[PDB]
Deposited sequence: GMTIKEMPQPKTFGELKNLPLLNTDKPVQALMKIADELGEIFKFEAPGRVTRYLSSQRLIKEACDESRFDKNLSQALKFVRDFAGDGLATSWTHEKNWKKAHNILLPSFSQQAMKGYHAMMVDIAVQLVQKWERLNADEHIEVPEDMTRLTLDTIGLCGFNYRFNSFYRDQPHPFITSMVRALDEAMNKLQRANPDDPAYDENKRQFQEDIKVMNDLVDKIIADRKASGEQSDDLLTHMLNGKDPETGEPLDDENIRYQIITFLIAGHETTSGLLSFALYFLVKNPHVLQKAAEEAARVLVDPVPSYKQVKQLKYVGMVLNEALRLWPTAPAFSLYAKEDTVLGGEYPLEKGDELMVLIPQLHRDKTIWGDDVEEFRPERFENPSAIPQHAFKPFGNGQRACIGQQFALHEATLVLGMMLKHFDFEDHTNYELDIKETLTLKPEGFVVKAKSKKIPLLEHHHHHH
């Protein structure tokens, strides 16, 4: 009982606290002051921000709590539709799409995506080895080029060709602008018709590209090793039905958003933490050299990169790029023996604060020590949740980690890195997290592909 609450803004309750360009970080500073739980009030909504493993492992009880759509996820739904990430658990299309798409995302399904992932990974390596002396690397921009191109090629055999462009592909231009307007609608129509006309024009740009690609593949009949094939041929064992063409569009849009932007933040945060801790970079570089013995990494070689994975896990601990998820109480219940919640009450899991629970991780929560994950079974349950919870956890988790391990093992194998600007960490907030302005210099090790 007696739940804390931050300062109010008259009739707006706590909403202006999110009237800032780093609201997740602002919410972490509140959680540092107010503790394990605090109520957030806005006009028309009330939520509770959870920050401790003690409270979150109860919220992760799927028998008592189910996934809720946050205001951010509801606004994305205006173009992501009933895709996996923006649908309710009880909606017929979630379980339908979920069952069709799990065999395509398994760890054994990555053996087929591997060849296409190396296609994009080589493009990144070759861009950096074609730089001139004293030229630097814009890390998140090149990381976004690789993650967006990877899900496009593996998901529906489409080449955005991001490494041939300065300005992004027109699809990604509108997608980011739709995510931009969705995020701005949170802390927000007197003078918004321009904003809305731009919003609907960006949705039509996205829908047209995907709908032609689905129409092209069906008419051509060509079969590939991409998700688009599994969706046209896959049939849900429960209902016996396949996904209709509209849902397929929403899933591809979902994979393009939910894929690239969170997965490039992981690589950007990983490389940042590697150049800020030279001892960790050396251990990771030693493994990349010993394991990746061929000019072209194999699926089995990527799985042997244990320390690269621990580097990735510890980067996901300090700065998880999909930083929060929402839950609602399925019935009346009591949280932590002290916080009564009524049916339908909402919870928010502040993932970066969970990953700083000192009673779980010790006192050095802010230090980058990948050795925490040396034994993955030792970590308590529901203490480390960068990929959500339960059946509503990330379906592309094995995808994102295999790509990030392959690319990081390749960057560490082929290049020496220099934090030539002594970069000060500046985290940009969209729907995800990215280290803005992060640049490095790469000194090629002259190992051919």
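Residues of the deposited sequence lacking C-alpha coordinates, numbered from 1, fall in the stretches 1 to 4, 193 to 196, 458 to 465.
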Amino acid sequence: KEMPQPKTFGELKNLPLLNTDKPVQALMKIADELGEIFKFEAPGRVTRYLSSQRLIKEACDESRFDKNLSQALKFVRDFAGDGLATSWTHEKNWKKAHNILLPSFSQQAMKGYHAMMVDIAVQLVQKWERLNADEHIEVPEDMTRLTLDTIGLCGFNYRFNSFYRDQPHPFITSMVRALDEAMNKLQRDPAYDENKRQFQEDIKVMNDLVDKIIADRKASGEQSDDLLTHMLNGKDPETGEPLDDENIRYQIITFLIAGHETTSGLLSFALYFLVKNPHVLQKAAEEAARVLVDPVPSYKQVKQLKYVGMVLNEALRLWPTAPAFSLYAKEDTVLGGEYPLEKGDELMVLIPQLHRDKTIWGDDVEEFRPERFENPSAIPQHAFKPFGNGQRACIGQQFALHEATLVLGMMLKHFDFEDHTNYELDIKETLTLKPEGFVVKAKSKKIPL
From here on, numbers count along this sequence of modelled residues.
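In this entry, 336 to 344 has the higher mean Cα B-factor, the comparison being between 336 to 344 and 87 to 95. Legend: mean Cα B-factor per stretch from the PDB entry, 121 to 129 versus 165 to 173; the higher mean is in 165 to 173. Comparing the C-alpha B-factors of 314, 286, 364, 142 in the entry, the top value falls on 364. Among 241, 149, 208, 82, the highest C-alpha B-factor recorded in the PDB entry belongs to 208. Split the chain's modelled residues into thirds by C-alpha temperature factor. Residue 46 is in the highest one.
When the modelled residues of the chain are ordered by their C-alpha B factor, residue 376 lands in the highest third.
When the modelled residues of the chain are ordered by their C-alpha B factor, residue 39 lands in the middle third. Ranked against the other modelled residues of its chain, the C-alpha B-factor of residue 447 as given in the entry falls in the middle third. Annotation for residue 29: C-alpha temperature factor in the middle third relative to the rest of the modelled chain, per the entry.
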